[PDB]
Amino acid sequence: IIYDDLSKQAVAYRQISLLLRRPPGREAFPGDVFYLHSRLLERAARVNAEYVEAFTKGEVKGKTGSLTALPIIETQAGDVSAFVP
Amino acid sequence: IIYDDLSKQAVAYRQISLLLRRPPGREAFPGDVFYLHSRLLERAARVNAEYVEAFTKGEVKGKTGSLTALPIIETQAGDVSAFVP
Amino acid sequence: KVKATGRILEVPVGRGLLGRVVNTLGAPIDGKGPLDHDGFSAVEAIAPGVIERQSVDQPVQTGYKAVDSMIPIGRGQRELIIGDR
Amino acid sequence: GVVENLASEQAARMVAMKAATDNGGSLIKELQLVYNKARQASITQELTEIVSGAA
Amino acid sequence: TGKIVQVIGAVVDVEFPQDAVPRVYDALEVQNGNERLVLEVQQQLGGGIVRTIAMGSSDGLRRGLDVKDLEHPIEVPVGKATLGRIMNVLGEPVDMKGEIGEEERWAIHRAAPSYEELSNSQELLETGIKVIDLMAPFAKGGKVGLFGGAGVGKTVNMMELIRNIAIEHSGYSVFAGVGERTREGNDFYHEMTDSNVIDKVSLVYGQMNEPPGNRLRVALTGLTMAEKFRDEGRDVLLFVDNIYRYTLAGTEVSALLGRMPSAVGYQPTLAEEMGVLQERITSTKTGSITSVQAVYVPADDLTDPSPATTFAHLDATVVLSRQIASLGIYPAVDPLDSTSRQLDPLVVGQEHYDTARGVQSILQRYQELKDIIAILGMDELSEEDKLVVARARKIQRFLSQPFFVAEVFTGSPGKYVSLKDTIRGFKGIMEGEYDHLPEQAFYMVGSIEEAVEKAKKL
Amino acid sequence: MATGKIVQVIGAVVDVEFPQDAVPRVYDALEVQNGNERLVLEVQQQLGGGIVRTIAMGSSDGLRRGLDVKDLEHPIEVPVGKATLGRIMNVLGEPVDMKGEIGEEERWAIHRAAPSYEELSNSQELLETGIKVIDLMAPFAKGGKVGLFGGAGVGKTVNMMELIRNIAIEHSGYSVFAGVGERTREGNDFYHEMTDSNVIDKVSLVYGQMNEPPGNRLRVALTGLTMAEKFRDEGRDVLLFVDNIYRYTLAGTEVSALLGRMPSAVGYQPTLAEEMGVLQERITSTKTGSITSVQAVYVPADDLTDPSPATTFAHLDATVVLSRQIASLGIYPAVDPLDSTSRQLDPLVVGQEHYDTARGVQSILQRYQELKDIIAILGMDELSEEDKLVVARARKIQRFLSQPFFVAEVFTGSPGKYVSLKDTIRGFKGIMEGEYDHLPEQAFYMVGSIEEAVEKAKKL
Ligand SMILES: Nc1ncnc2c1ncn2[C@@H]1O[C@H](COP(=O)(O)OP(=O)(O)OP(=O)(O)O)[C@@H](O)[C@H]1O
Ligand SMILES: Nc1ncnc2c1ncn2[C@@H]1O[C@H](COP(=O)(O)OP(=O)(O)O)[C@@H](O)[C@H]1O
Ligand SMILES: [Mg+2]
Ligand SMILES: [Mg+2]
């Protein structure tokens with residue numbers, strides 16, 4: 001899976017958060033921007049064959065499933081110190 | 001007309017805008033500092049004879065008025081790239 | 001009036017999505033007809049736990065010499081592509 | 001001809017090092033202006049964000 | 001039926017009865033003294049109050065005045081009627097001629113075309129400008145952006161593109177002045193009407209002297225006319241004078257509308273406001289809008305949130321810069337940030353692609369050498385490095401060109417250069433055919449030949 | 001019986017109203033049925049009349065206003081003892097390894113006060129490690145705190161896996177691993193590694209990964225301490241490894257504003273220094289028993305000046321500053337010998353030859369640093385001969401700090417090397433005294449003892 005611009009998601013969540021009047025953080029991003037991207041990315045994983053067999057109720061045996069992710073970020077003038085990067 | 005400093009009018013407007021708790025922008029100037037100067041300076045113009053005839057109700061005819069305006073700005077250590085300049 | 005349907009956001013999921021351009025809610029926008037989904041799934045779920053993982057030892061090939069020699073990606077990895085515009 | 005070329009060499013080196021000294025001062029006076037403008041912006045980005053957060 | 005309850009600068013709050021509160025973008029009318037003022041609804045607050053933006057001067061309004069609820073958006077004339085004429089944000093005529101004889105009026109808040117409706121064309125378009133169609137060539141139907149600060153030449157370049165690309169375009173065109181100098185509008189109007197091409201160019205002007213309501217909705221009444229012409233099957237050219245000012249009017253208003261500030265002080269809806277504007281300006285399968293936009297960057301800051309969220313919306317970005325201008329090299333196009341989607345050998349050819357990459361490779365290496373030269377001077381360089389410094393300086397001089405629209409400021413006659421001439425010139429310099437000519441020979445000349453002649457007279 | 005009702009649910013923060021008698025006290029636990037899911041809430045503030053504001057120890061999704069809440073009249077209490085050895089648990093001390101119940105004898109509250117000033121015990125019992133640079137520049141005693149500072153990707157985890165290998169296997173005492181905010185894959189890879197090596201029977205593991213709601217990441221560090229403190233009070237010598245102290249502070253930052261707190265200097269919470277203090281002053285070696293601890297410290301943006309790394313520098317006995325420059329140059333481990341130090345680096349407590357070698361090494365490398373930009377602009381030919389000498393010896397010293405690790409073998413395809421402390425001193429003294437001046441720089445790179453430097457020099 002390729003996430004085209006986790007930066008523009010962070011920007012959309014910031015807009016939603018501020019319109020809802022939640023308290024702003026650094027650069028005005030809400031604090032749960034780390035929680036947003038971390039809960040999203042830790043979903044990409046490889047799972048052992050016991051998990052696959054348990055999930056598919058026995059149909060598939062002997063196979064490990066996997067999801068790979070390639071998030072993309074834009075930095076401004078190469079600044080890595082900004083919040084979302 | 002010679003506005004002797006538009007960079008101390010911009011400061012005297014930033015003070016009023018900050019005493020009214022309006023959210024500041026770049027260099028803490030208010031968001032409408034551009035409107036502040038654009039409305040003032042765009043009043044310096046050359047107007048065609050039809051406008052002078054319409055405004056004076058025909059008492060002045062065939063003459064074109066004008067208002068030249070040379071504002072002064074002061075810049076810190078001679079950079080033009082500041083916000084107000 | 002607003003009613004409260006007590007159900008979280010779910011999305012069409014299946015094999016019949018391969019080749020389809022879809023909006024966030026699962027509506028096709030390519031105009032190639034409706035989907036053929038294998039049921040729905042929930043948008044917001046939790047990830048597999050520590051015991052349910054397996055380590056990464058299988059490659060996913062980029063095809064780019066620089067990436068695949070110096071910065072290899074495996075099936076379950078979470079590689080970030082970062083840079084300017 | 002060799003001894004005279006070595007005297008010429010020392011004169012050319014002193015002129016080059018004098019130029020390199022003035023150009024180094026010229027860079028110092030301009031990098032300092034970049035640094036001062038940056039510290040001022042950093043000081044105003046914060047404070048703006050602490051007052052906005054204090055709400 | 002409703003009454004004004006607050007007047008906070010440009011925004012106006014109106015209280016309505018509980019059962020007839022206006023919809024989220026309807027228009028209202030007030031008599032502000034002897035004048036009628038239109039208001040546009042932005043928010044429905046509770047208890048039947050709406051926040052509105054005044055489309056005109058807000059002075060003189062008194063609390064307790066009575067507003068009148070029109071039951072439609074701002075609707076503007078469109079089509080063949082709006083074709084030789086100057087119009088207001090409300091779509092009123094602004095020239096002293098009579099009324100606009102329209103058959104139809106469209107609301108200005110519309111939706112962007114669907115995904116299946118779009119069309120992608122690689123049909124390349126040719127400009128007389130050497131650097132623009134060398135480095136970042138743009139095709140018909142794609143958006144072009146001219147970035148840069150104050151005084152770097154955005155408008156003079158756009159007047160050059162209006163002059164040249166109108167040579168190979170037959171159809172109608174729309175010009176939208178969004179918050180720029182009125183004088184530049186009046187000069188453009190007289191220049192168009194003295195060349196008798198005013199019968200095709202349609203003008204909208206909400207300029208920088210106008211209140212923030214007028215500078216917020218003027219870009220949208222520009223598009224609504226361009227979209228009318230696109231849906232008649234025509235290929236339309238759309239020129240926007242400044243599309244920073246549309247976001248600046250939103251920044252000025254959005255504090256008083258109650259939204260909390262975002263980064264710097266921009267409105268939190270910056271990326272949506274720009275996305276709602278710049279996604280209805282596209283070539284569908286039933287028309288095509290070729291558009292040029294001038295994007296003021298604030299404070300020369302390319303990392304600012306307003307330019308940085310516009311670089312993703314454009315097909316060909318041309319970044320003007322102040323240093324290159326101070327050297328006198330007009331057009332002051334920085335060739336290490338300007339790029340395009342159409343600079344690919346599969347669409348543009350290999351000889352062009354190779355020339356443009358060769359130029360970038362040389363000028364980058366020159367940038368790396370400039371910091372060494374600054375402390376030590378040129379004498380400590382390698383002899384190959386001195387060769388690239390000489391060719392890179394000649395290339396920078398050769399990027400300049402004398403525009404016909406700049407003949408007043410300078411005196412030099414203008415020049416139009418073809419693509420084959422410019423790739424021949426840069427290919428010749430890159431392989432050092434012209435290594436024997438002085439640098440000042442390349443400054444402000446058209447084709448390479450001309451430079452040789454200049455060199456003869458030094 | 002249930003006694004409170006939910007009145008707000010804004011993100012991760014939940015407010016509960018109770019009768020104005022018997023309002024829950026601070027740091028208490030509460031329980032609510034989030035559908036079928038039993039959800040724990042921790043009380044953070046008593047605000048207003050009868051209301052308490054709380055953090056969810058689980059997902060906040062699925063909660064309605066008006067749900068009944070039951071107040072447990074105790075803090076979060078966790079299993080402690082031998083029954084915790086070999087088991088993975090979450091912040092609540094519930095098994096996540098699917099091996100069944102923990103079977104604990106005793107349970108302890110995770111919020112407790114630190115040892116009194118008269119309880120603290122002095123030690124200088126220097127540990128030896130295989131790592132050359134650390135044992136030269138930052139040796140540390142049993143019972144001390146060690147911090148590994150670095151930005152992203154500089155070698156914090158690989159170093160901590162090496163130190164776990166070298167120290168813990170010789171250690172006969174029980175160990176605790178606290179995976180605060182760890183990546184789930186790295187937690188599984190560690191668990192399997194210990195399970196294969198058969199050292200899992202003397203380690204207790206507490207894991208709070210990145211995906212978990214902020215309360216878990218906030219409180220999981222305290223469950224690690226509560227287990228280690230049980231072993232210390234039994235009188236054991238304990239090894240405590242904490243995967244990031246930084247994501248405890250960050251888990252505090254995320255929820256701080258929703259708790260109503262005014263923001264501080266870099267957006268951090270106003271209580272950053274107290275939150276760090278209250279945790280880090282429990283990690284001490286008392287008269288009854290000793291905790292020895294190794295902590296990794298993330299450095300946001302690679303600036304050592306950011307409040308979070310800046311405060312934690314003042315709590316640690318040894319500080320091994322890793323640097324991204326040295327990693328980018330490809331020298332591993334990327335320890336900066338000029339910034340890293342220990343309070344055990346004293347001539348009195350180390351051997352005086354060790355101290356003299358360390359002072360020499362640091363003096364030489366500092367003298368190289370100032371020459372670097374001079375050579376870069378004006379060129380090596382405009383050094384003098386004694387500087388050309390010290391720039392060479394500096395490069396030889398800066399290669400001999402590198403080392404292959406057994407746990408960093410998978411990355412590089414080479415065997416792993418363990419160097420004894422004495423051999424390290426003997427080598428660096430020999431290099432500075434110039435006994436190996438004639439050998440090339442690569443004869444010192446990625447080698448073990450200096451006898452191996454002469455063997456590889458012969459092969460070269
Ligand atoms: N060939 C040229 N191209 C551009 N500008 C030129 C050229 N020759 C001279 N100039 C000078 O550059 C000035 C500034 O150009 P222009 O008016 O386009 O600025 P701008 O880009 O419109 O910026 P803004 O509208 O924000 O002031 C011109 O008025 C002219 O005086
Ligand atoms: N001693 C080493 N030998 C070889 N590779 C290393 C070494 N130290 C770090 N690396 C490389 O750098 C990576 C990042 O460091 P790691 O400890 O995994 O994450 P972090 O440093 O952020 O905790 C390692 O995964 C490995 O790729
Ligand atoms: Mg302009
Ligand atoms: Mg790590």
# chains A, B, ... in the order shown; residues from 1 in each chain; ligands from 1
$ residues_near_ligand --ligand "ligand 2" --cutoff "9 Å" --atoms "only C-alpha atoms and all ligand atoms" --output "VMD selection string"
chain F and resid 150 to 162 243 296 298 322 327 330 to 334 402 to 405 407 to 412
$ write_last_selection --atoms "C-alpha atoms" --output "mmCIF file, in the first residue's frame"
data_model
loop_
_atom_site.group_PDB
_atom_site.id
_atom_site.type_symbol
_atom_site.label_atom_id
_atom_site.label_comp_id
_atom_site.auth_asym_id
_atom_site.auth_seq_id
_atom_site.Cartn_x
_atom_site.Cartn_y
_atom_site.Cartn_z
ATOM 1 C CA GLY F 150 20.382 9.618 19.741
ATOM 2 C CA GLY F 151 18.155 10.767 16.953
ATOM 3 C CA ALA F 152 16.420 8.359 14.632
ATOM 4 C CA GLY F 153 18.477 5.524 13.197
ATOM 5 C CA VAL F 154 21.781 6.069 14.984
ATOM 6 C CA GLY F 155 22.036 2.686 16.693
ATOM 7 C CA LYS F 156 20.155 2.956 19.976
ATOM 8 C CA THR F 157 18.415 -0.410 19.628
ATOM 9 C CA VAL F 158 21.397 -2.291 18.213
ATOM 10 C CA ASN F 159 23.502 -0.974 21.093
ATOM 11 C CA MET F 160 20.885 -1.977 23.631
ATOM 12 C CA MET F 161 20.650 -5.511 22.181
ATOM 13 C CA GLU F 162 24.431 -5.777 22.399
ATOM 14 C CA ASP F 243 13.210 1.305 25.352
ATOM 15 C CA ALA F 296 17.501 4.821 25.365
ATOM 16 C CA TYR F 298 15.241 9.734 21.582
ATOM 17 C CA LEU F 322 25.418 8.785 19.724
ATOM 18 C CA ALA F 327 26.698 7.007 11.646
ATOM 19 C CA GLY F 330 29.664 4.698 8.581
ATOM 20 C CA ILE F 331 31.551 4.313 11.861
ATOM 21 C CA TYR F 332 29.690 2.019 14.209
ATOM 22 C CA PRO F 333 28.862 2.286 17.094
ATOM 23 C CA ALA F 334 28.365 6.004 16.431
ATOM 24 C CA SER F 402 34.752 1.159 15.639
ATOM 25 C CA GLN F 403 33.655 -2.431 16.376
ATOM 26 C CA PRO F 404 31.667 -5.403 14.991
ATOM 27 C CA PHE F 405 28.792 -6.608 17.204
ATOM 28 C CA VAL F 407 23.859 -8.497 17.060
ATOM 29 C CA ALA F 408 24.964 -6.289 14.157
ATOM 30 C CA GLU F 409 26.215 -9.216 12.101
ATOM 31 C CA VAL F 410 22.971 -9.592 10.133
ATOM 32 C CA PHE F 411 23.550 -6.081 8.765
ATOM 33 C CA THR F 412 27.174 -6.356 7.757
#
$ interface_residues --of "chain C" --to "chain A" --cutoff "9 Å" --atoms "only C-alpha atoms" --output "list in words"
residues 45, 46, 47, 48, 51, 52, 53, 54, 55, 56, 60, 73, 74, 75, 76, 77, 78, 79, 80, 81, 82, 83, 84 and 85 of chain C
$ residues_around --residues "segment 11-24 of chain A" --least-positions-apart "2" --cutoff "7 Å" --atoms "only C-alpha atoms" --output "CSV table (one decimal) with N, CA, C and O atoms, in the first residue's frame"
chain,number,residue,atom,x,y,z
A,7,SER,N,1.3,13.9,4.6
A,7,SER,CA,1.3,15.3,5.0
A,7,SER,C,0.0,16.0,4.8
A,7,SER,O,-0.5,16.8,5.7
A,8,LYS,N,-0.7,15.6,3.7
A,8,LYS,CA,-1.9,16.4,3.5
A,8,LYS,C,-3.0,15.8,4.4
A,8,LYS,O,-4.0,16.4,4.6
A,9,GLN,N,-2.8,14.6,4.9
A,9,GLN,CA,-3.7,14.1,5.8
A,9,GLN,C,-3.6,14.8,7.1
A,9,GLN,O,-4.5,15.1,7.8
A,26,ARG,N,2.0,22.4,18.8
A,26,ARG,CA,3.1,23.0,18.0
A,26,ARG,C,2.7,23.1,16.5
A,26,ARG,O,2.2,22.1,15.9
A,28,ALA,N,0.3,24.4,15.5
A,28,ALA,CA,-1.2,24.3,15.5
A,28,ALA,C,-1.7,22.9,15.3
A,28,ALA,O,-2.9,22.7,15.3
A,29,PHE,N,-0.8,21.9,15.0
A,29,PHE,CA,-1.3,20.6,14.9
A,29,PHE,C,-1.8,20.1,16.3
A,29,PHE,O,-1.2,20.4,17.3
A,30,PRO,N,-2.9,19.3,16.3
A,30,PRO,CA,-3.3,18.7,17.6
A,30,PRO,C,-2.3,17.6,18.0
A,30,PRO,O,-1.6,17.1,17.2
D,53,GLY,N,-2.3,28.7,22.3
D,53,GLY,CA,-2.7,27.6,23.1
D,53,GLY,C,-3.3,28.0,24.4
D,53,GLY,O,-4.2,27.3,24.9
E,259,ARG,N,-13.2,31.5,13.4
E,259,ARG,CA,-12.3,30.3,13.2
E,259,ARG,C,-11.0,30.6,13.9
E,259,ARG,O,-10.4,31.7,13.9
E,260,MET,N,-10.4,29.6,14.6
E,260,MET,CA,-9.2,29.8,15.3
E,260,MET,C,-8.0,29.9,14.3
E,260,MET,O,-8.1,29.3,13.2
E,268,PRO,N,-7.8,28.1,8.9
E,268,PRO,CA,-7.5,26.7,9.0
E,268,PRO,C,-7.9,26.0,7.8
E,268,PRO,O,-7.4,24.9,7.5
E,269,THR,N,-8.8,26.6,7.0
E,269,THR,CA,-9.3,26.1,5.7
E,269,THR,C,-8.5,26.6,4.5
E,269,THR,O,-9.1,26.7,3.4
F,257,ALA,N,-2.9,19.1,27.0
F,257,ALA,CA,-3.8,20.2,26.7
F,257,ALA,C,-5.3,19.9,26.9
F,257,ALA,O,-6.1,20.7,27.4
$ atom_distance --atom1 "atom CA of residue 40 of chain F" --atom2 "atom CA of residue 203 of chain F"
26.9 Å
$ closest_atom_pairs --of "chain B" --to "chain E" --cutoff "6 Å" --atoms "only C-alpha atoms" --output "Markdown table"
| residue | atom | partner | partner_atom | distance |
| --- | --- | --- | --- | --- |
| B:25 | CA | E:265 | CA | 4.5 |
| B:31 | CA | E:252 | CA | 5.3 |
| B:32 | CA | E:252 | CA | 5.5 |
| B:39 | CA | E:209 | CA | 5.1 |
| B:81 | CA | E:299 | CA | 5.3 |
| B:82 | CA | E:299 | CA | 5.7 |
| B:83 | CA | E:299 | CA | 5.1 |
$ write_last_selection --atoms "N, CA, C and O atoms" --output "mmCIF file, in the first residue's frame"
data_model
loop_
_atom_site.group_PDB
_atom_site.id
_atom_site.type_symbol
_atom_site.label_atom_id
_atom_site.label_comp_id
_atom_site.auth_asym_id
_atom_site.auth_seq_id
_atom_site.Cartn_x
_atom_site.Cartn_y
_atom_site.Cartn_z
ATOM 1 N N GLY B 25 -0.259 37.823 12.538
ATOM 2 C CA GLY B 25 0.369 37.023 11.507
ATOM 3 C C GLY B 25 1.880 37.067 11.497
ATOM 4 O O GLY B 25 2.518 36.781 12.508
ATOM 5 N N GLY B 31 -3.388 40.497 10.003
ATOM 6 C CA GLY B 31 -3.644 40.060 8.644
ATOM 7 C C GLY B 31 -4.037 41.132 7.648
ATOM 8 O O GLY B 31 -3.835 40.936 6.451
ATOM 9 N N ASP B 32 -4.567 42.267 8.088
ATOM 10 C CA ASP B 32 -5.070 43.231 7.121
ATOM 11 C C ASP B 32 -4.155 44.427 6.932
ATOM 12 O O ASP B 32 -4.608 45.466 6.451
ATOM 13 N N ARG B 39 -5.598 50.427 0.557
ATOM 14 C CA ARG B 39 -6.697 51.380 0.464
ATOM 15 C C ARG B 39 -6.168 52.799 0.452
ATOM 16 O O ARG B 39 -6.693 53.656 -0.262
ATOM 17 N N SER B 81 13.527 42.446 1.608
ATOM 18 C CA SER B 81 12.745 41.225 1.750
ATOM 19 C C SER B 81 11.903 41.142 3.014
ATOM 20 O O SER B 81 11.257 40.117 3.231
ATOM 21 N N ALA B 82 11.872 42.168 3.844
ATOM 22 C CA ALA B 82 10.982 42.131 4.992
ATOM 23 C C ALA B 82 9.520 42.240 4.571
ATOM 24 O O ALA B 82 9.191 42.603 3.445
ATOM 25 N N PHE B 83 8.638 41.879 5.500
ATOM 26 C CA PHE B 83 7.212 41.783 5.208
ATOM 27 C C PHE B 83 6.595 43.109 4.797
ATOM 28 O O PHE B 83 5.938 43.199 3.756
#
$ interface_residues --of "chain C" --to "chain E" --cutoff "9 Å" --atoms "only C-alpha atoms" --output "PDB file with N, CA and C atoms, in the first residue's frame"
ATOM      1  N   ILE C  29     -15.620   5.616  -9.021  1.00  0.00           N
ATOM      2  CA  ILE C  29     -15.607   6.861  -9.780  1.00  0.00           C
ATOM      3  C   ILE C  29     -15.051   6.680 -11.178  1.00  0.00           C
ATOM      4  N   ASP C  30     -14.482   5.519 -11.490  1.00  0.00           N
ATOM      5  CA  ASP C  30     -14.028   5.247 -12.843  1.00  0.00           C
ATOM      6  C   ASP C  30     -15.193   5.160 -13.807  1.00  0.00           C
ATOM      7  N   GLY C  31     -16.389   4.896 -13.298  1.00  0.00           N
ATOM      8  CA  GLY C  31     -17.576   4.745 -14.109  1.00  0.00           C
ATOM      9  C   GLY C  31     -17.727   3.412 -14.794  1.00  0.00           C
ATOM     10  N   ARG C  85       9.535  18.925  -2.751  1.00  0.00           N
ATOM     11  CA  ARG C  85       8.651  18.840  -3.898  1.00  0.00           C
ATOM     12  C   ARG C  85       9.406  18.597  -5.193  1.00  0.00           C
TER      13      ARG C  85
END
$ interface_residues --of "chain E" --to "chain D" --cutoff "7 Å" --atoms "only C-alpha atoms" --output "VMD selection string"
chain E and resid 374 to 376
$ write_last_selection --atoms "N, CA, C and O atoms" --output "mmCIF file, in the first residue's frame"
data_model
loop_
_atom_site.group_PDB
_atom_site.id
_atom_site.type_symbol
_atom_site.label_atom_id
_atom_site.label_comp_id
_atom_site.auth_asym_id
_atom_site.auth_seq_id
_atom_site.Cartn_x
_atom_site.Cartn_y
_atom_site.Cartn_z
ATOM 1 N N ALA E 374 33.889 32.354 -3.373
ATOM 2 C CA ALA E 374 33.584 33.501 -2.529
ATOM 3 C C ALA E 374 34.703 33.757 -1.523
ATOM 4 O O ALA E 374 35.148 34.896 -1.354
ATOM 5 N N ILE E 375 35.204 32.715 -0.875
ATOM 6 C CA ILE E 375 36.352 32.899 0.005
ATOM 7 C C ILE E 375 37.657 32.982 -0.775
ATOM 8 O O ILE E 375 38.463 33.881 -0.530
ATOM 9 N N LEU E 376 37.911 32.086 -1.720
ATOM 10 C CA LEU E 376 39.252 31.988 -2.285
ATOM 11 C C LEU E 376 39.432 32.744 -3.589
ATOM 12 O O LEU E 376 40.573 32.977 -3.988
#
$ residues_near_ligand --ligand "ligand 3" --cutoff "9 Å" --atoms "only C-alpha atoms and all ligand atoms" --output "ChimeraX atom specification"
/E:150-156,158,180-181,184,241-242,294,296
$ select_by_dssp --residues "segment 54-263 of chain F" --states "alpha helix (DSSP H)" --output "VMD selection string"
chain F and resid 132 to 137 156 to 163 169 to 170 184 to 197 214 to 234 246 to 256
$ closest_residue --among "E:304, E:371, E:227, E:168" --to "chain F" --atoms "only C-alpha atoms"
E:371
$ residues_around --residues "segment 33-40 of chain C" --least-positions-apart "6" --cutoff "12 Å" --atoms "only C-alpha atoms" --output "MDAnalysis selection string"
chainID C and resid 8:23 25:27
$ write_last_selection --atoms "N, CA and C atoms" --output "JSON list (two decimals), in the first residue's frame"
[["chain", "number", "residue", "atom", "x", "y", "z"],
["C", 8, "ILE", "N", -20.37, 1.86, 13.01],
["C", 8, "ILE", "CA", -19.18, 2.59, 12.59],
["C", 8, "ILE", "C", -19.01, 2.48, 11.08],
["C", 9, "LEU", "N", -18.14, 3.32, 10.54],
["C", 9, "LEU", "CA", -17.94, 3.40, 9.10],
["C", 9, "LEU", "C", -17.31, 2.12, 8.56],
["C", 10, "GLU", "N", -17.98, 1.49, 7.60],
["C", 10, "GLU", "CA", -17.49, 0.29, 6.95],
["C", 10, "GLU", "C", -17.32, 0.51, 5.46],
["C", 11, "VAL", "N", -16.41, -0.24, 4.85],
["C", 11, "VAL", "CA", -16.05, -0.02, 3.45],
["C", 11, "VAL", "C", -16.13, -1.32, 2.66],
["C", 12, "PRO", "N", -16.62, -1.29, 1.42],
["C", 12, "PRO", "CA", -16.56, -2.48, 0.56],
["C", 12, "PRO", "C", -15.15, -3.00, 0.44],
["C", 13, "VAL", "N", -14.98, -4.31, 0.58],
["C", 13, "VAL", "CA", -13.67, -4.93, 0.45],
["C", 13, "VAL", "C", -13.75, -6.27, -0.28],
["C", 14, "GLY", "N", -12.75, -6.55, -1.10],
["C", 14, "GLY", "CA", -12.67, -7.84, -1.77],
["C", 14, "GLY", "C", -11.69, -7.85, -2.92],
["C", 15, "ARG", "N", -11.74, -8.95, -3.68],
["C", 15, "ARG", "CA", -10.93, -9.12, -4.88],
["C", 15, "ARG", "C", -11.42, -8.30, -6.06],
["C", 16, "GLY", "N", -12.72, -8.06, -6.15],
["C", 16, "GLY", "CA", -13.32, -7.29, -7.23],
["C", 16, "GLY", "C", -12.96, -5.83, -7.25],
["C", 17, "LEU", "N", -12.26, -5.34, -6.24],
["C", 17, "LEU", "CA", -11.71, -3.99, -6.26],
["C", 17, "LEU", "C", -10.45, -3.83, -7.09],
["C", 18, "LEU", "N", -9.72, -4.91, -7.36],
["C", 18, "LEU", "CA", -8.54, -4.82, -8.22],
["C", 18, "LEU", "C", -8.89, -4.31, -9.60],
["C", 19, "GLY", "N", -8.31, -3.17, -9.94],
["C", 19, "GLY", "CA", -8.56, -2.47, -11.18],
["C", 19, "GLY", "C", -9.55, -1.33, -11.08],
["C", 20, "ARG", "N", -10.10, -1.07, -9.90],
["C", 20, "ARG", "CA", -11.17, -0.09, -9.76],
["C", 20, "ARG", "C", -10.63, 1.15, -9.06],
["C", 21, "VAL", "N", -11.03, 2.31, -9.56],
["C", 21, "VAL", "CA", -10.82, 3.58, -8.87],
["C", 21, "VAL", "C", -12.02, 3.89, -8.00],
["C", 22, "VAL", "N", -11.76, 4.13, -6.72],
["C", 22, "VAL", "CA", -12.82, 4.22, -5.73],
["C", 22, "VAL", "C", -12.59, 5.43, -4.83],
["C", 23, "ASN", "N", -13.68, 6.09, -4.44],
["C", 23, "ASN", "CA", -13.61, 7.14, -3.44],
["C", 23, "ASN", "C", -13.53, 6.56, -2.03],
["C", 25, "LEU", "N", -15.49, 6.40, 0.36],
["C", 25, "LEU", "CA", -16.64, 5.70, 0.91],
["C", 25, "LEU", "C", -16.94, 4.43, 0.16],
["C", 26, "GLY", "N", -16.15, 4.09, -0.84],
["C", 26, "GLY", "CA", -16.34, 2.89, -1.60],
["C", 26, "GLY", "C", -17.15, 3.06, -2.86],
["C", 27, "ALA", "N", -17.47, 4.29, -3.25],
["C", 27, "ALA", "CA", -18.22, 4.50, -4.48],
["C", 27, "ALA", "C", -17.26, 4.52, -5.66]]
$ interface_residues --of "chain D" --to "chain F" --cutoff "8 Å" --atoms "only C-alpha atoms" --output "ChimeraX atom specification"
/D:46,50,53-54
$ select_by_dssp --residues "chain A" --states "strand (DSSP E or B)" --output "ChimeraX atom specification"
/A:46-47,65-66,69,72-74
$ closest_residue --among "F:95, F:448, F:187, F:130" --to "chain C" --atoms "only C-alpha atoms"
F:187
$ atom_distance --atom1 "atom CA of residue 63 of chain A" --atom2 "atom CA of residue 94 of chain F"
28.9 Å
